[PDB]
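What follows is one structure encoded as structure tokens, with my remarks underneath.
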Amino acid sequence: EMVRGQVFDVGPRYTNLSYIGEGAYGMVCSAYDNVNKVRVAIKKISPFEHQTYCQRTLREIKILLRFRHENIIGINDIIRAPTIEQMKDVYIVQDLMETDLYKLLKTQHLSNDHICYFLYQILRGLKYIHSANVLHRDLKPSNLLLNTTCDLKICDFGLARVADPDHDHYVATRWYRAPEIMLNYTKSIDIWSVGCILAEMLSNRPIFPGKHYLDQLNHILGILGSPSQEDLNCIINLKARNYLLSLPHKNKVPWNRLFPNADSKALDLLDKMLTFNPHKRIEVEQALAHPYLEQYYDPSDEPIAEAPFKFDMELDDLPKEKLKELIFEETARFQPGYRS
Ligand SMILES: c1cnc2[nH]ccc2n1
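Residues 12 to 180, 187 to 201, 205 to 360 (the authors' numbering) are what the sequence shown spells out, left to right.
Okay, here's the thing in structure tokens:
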């Protein structure tokens, strides 16, 4: 019940607690599921103090409960107090994953073969997410949970959205943030993230490690070269255009010069994923059909969404009190006596 001077209260079903890190908005523990007789992961979450925190929680729960994919983390169980007044923290029980791609790349140079099947699993999972008309919006090595080389699961859907190209209109992780976001909700933003994850697996370091968003653009252009007038026009904002000028013109660094030892087929796909123009950027089904993944690509073994995703009644400007009620309602099916 007690872990490092903090209540966990996941009993009596989940026992033998162990500490495996923190983050947001509570610690993460590996417990023993006495029912399934296997060790699982448990996320303690205390979001009800701040409106933004409730959003990410409510958002992830609604989605992970409806998604069902081999490459996407699921929610096994949700521990919660009987009444709304009582509960201040929510416990989400998921499959225990040994590590993640962020911690892996900090300790290992990945082989080309391993990079390939890793990339395939990510895209296999993404294909399902995109088929449900949903954007992950925050894809990065730390959000890729790993057990073996053949066990990859996508996690953290707190920033997820339903795809809406006509909107317009909190941001994603800077390093994996698509250029169109910084210049002006499309599926292309996820493809760009995966590209950044590909480039990272090839050299064990972030390809576009900016300090702030303007520096982030300087990094992107520093490798893709100065954007053409065609690409420059698509920038709906003014500044840009008119901050490109002032621009110190640069040439497109060849991918083979940046990544010498890398597979040429891999670099070709990488070039497609990291195009400046979002409209010319490669799509998820096309990425899978690329010659780099030709030994894994199998449309018959790549499940898609049964029905496109739409939240029943949603979106920001709901106070943290209303969100808590919606969280209380969404987690109700894990409670005793749950009818309907
Ligand atoms: C750490 C270890 N395993 C996990 N499974 C789901 C989240 C998580 N975090």
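Heads up, the beta-carbon is just placed ideally off N, CA and C, and yes, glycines get one too.
N-terminal and C-terminal residue of the beta strand (DSSP E) that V104 is part of: Mapped onto the sequence shown, residue 104 falls at position 93. Judged by DSSP secondary structure, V104 falls within the beta strand (DSSP E) whose first and last residues are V101 to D106.
Residues bridged to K54 [DSSP beta-bridge criterion]: For the purposes of this step, residue 54 is taken as the residue at position 43 of the sequence shown. Paired residues: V39 and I103.
Where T26 falls: helix, strand or coil (DSSP): Taking the sequence shown and counting its residues from 1, the one referred to as residue 26 is at position 15. Here DSSP, grouped into helix, strand and coil, assigns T26 to strand.
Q105 Cβ short of 7 Å to ligand 1 heavy atom set: Numbered from 1 along the sequence shown, position 94 holds the residue referred to as residue 105. Yes, ligand 1 has a heavy atom inside 7 Å of this Cβ.
Touching by the beta-carbon criterion (3+ pairs, under 8 Å), the segment 86-105 and the segment 117-133: no
According to DSSP, residues forming a beta bridge with residue 204: Within the chain, the sequence of modelled residues goes 201 then 205, so residue 204 has no position in this structure.
Burial state of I256, where buried means 16 or more other Cβ atoms lie within 10 Å: To locate residue 256, count along the sequence shown from 1; it is residue 236. Here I256 is exposed. Its C-beta has fewer than 16 other C-beta atoms within 10 Å.
Contact under 8 Å by Cβ, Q17 with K54: Numbered from its first residue, the sequence shown carries residue 17 at position 6. Numbered from its first residue, the sequence shown carries residue 54 at position 43. Not a contact, by the Cβ cut-off of 8 Å.
Inter-residue spacing [alpha-carbon to alpha-carbon] between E81 and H147: Here residue 81 corresponds to residue number 70 of the sequence shown, with the count starting at 1. Here residue 147 corresponds to residue number 136 of the sequence shown, with the count starting at 1. Answer to the nearest angstrom: the Cα atoms are 16 Å apart.
Runs of beta strand (DSSP E) lying entirely within the segment 216-267, each at least 3 residues, in chain order: none
Whole-angstrom distance between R15 and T110, CA atom to CA atom: To locate residue 110, count along the sequence shown from 1; it is residue 99. To locate residue 15, count along the sequence shown from 1; it is residue 4. Whole-angstrom Cα-Cα distance: 21 Å.
C-alpha gap between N276 and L289, whole angstroms: Along the sequence shown, one-based indexing puts residue 276 at 256. Along the sequence shown, one-based indexing puts residue 289 at 269. Cα-Cα distance, rounded: 13 Å.
Straight-line gap, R77 to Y317 (C-alpha atoms, nearest Å): In the sequence shown, counting from the first residue as 1, residue 77 sits at position 66. In the sequence shown, counting from the first residue as 1, residue 317 sits at position 297. Distance between the alpha carbons of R77 and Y317: 25 Å.
The beta strand (DSSP E) enclosing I89, as first and last residue numbers: One-based indexing of the sequence shown puts residue 89 at position 78. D88 to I90 is the span of the beta strand (DSSP E), which, as asked, contains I89.
Sequence-distant residues of its chain with Cβ nearer than 6 Å to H141 (five each side left out): Reading the sequence shown from its first residue, position 130 is the one you call residue 141. Excluding residues within five positions, the ones whose Cβ falls inside 6 Å are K207 and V304.
DSSP three-state assignment for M13, whether helix, strand or coil: As a working mapping, residue 13 is identified with position 2 in the sequence shown. Strand, per DSSP.
CB of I347 within 8 Å of CB of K138, strictly: Here residue 347 refers to the residue found at position 327 when the sequence shown is read from its first residue. Here residue 138 refers to the residue found at position 127 when the sequence shown is read from its first residue. Not a contact, by the Cβ cut-off of 8 Å.
Where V18 sits in the DSSP three-state scheme: Translated into the one-based positions of the sequence shown, residue 18 becomes position 7. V18: strand per DSSP, three-state reduction.
Nonlocal neighbours in the same chain, by C-beta distance under 6 Å from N271, ignoring five residues either side: In the sequence shown, residue 271 corresponds to position 251, counting from 1. Cβ within range, chain order: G245.
Straight-line Cα distance separating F59 from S360: The count along the sequence shown starts at 1 and reaches residue 360 at position 340. The count along the sequence shown starts at 1 and reaches residue 59 at position 48. So the alpha carbons of these two residues sit roughly 26 Å apart.
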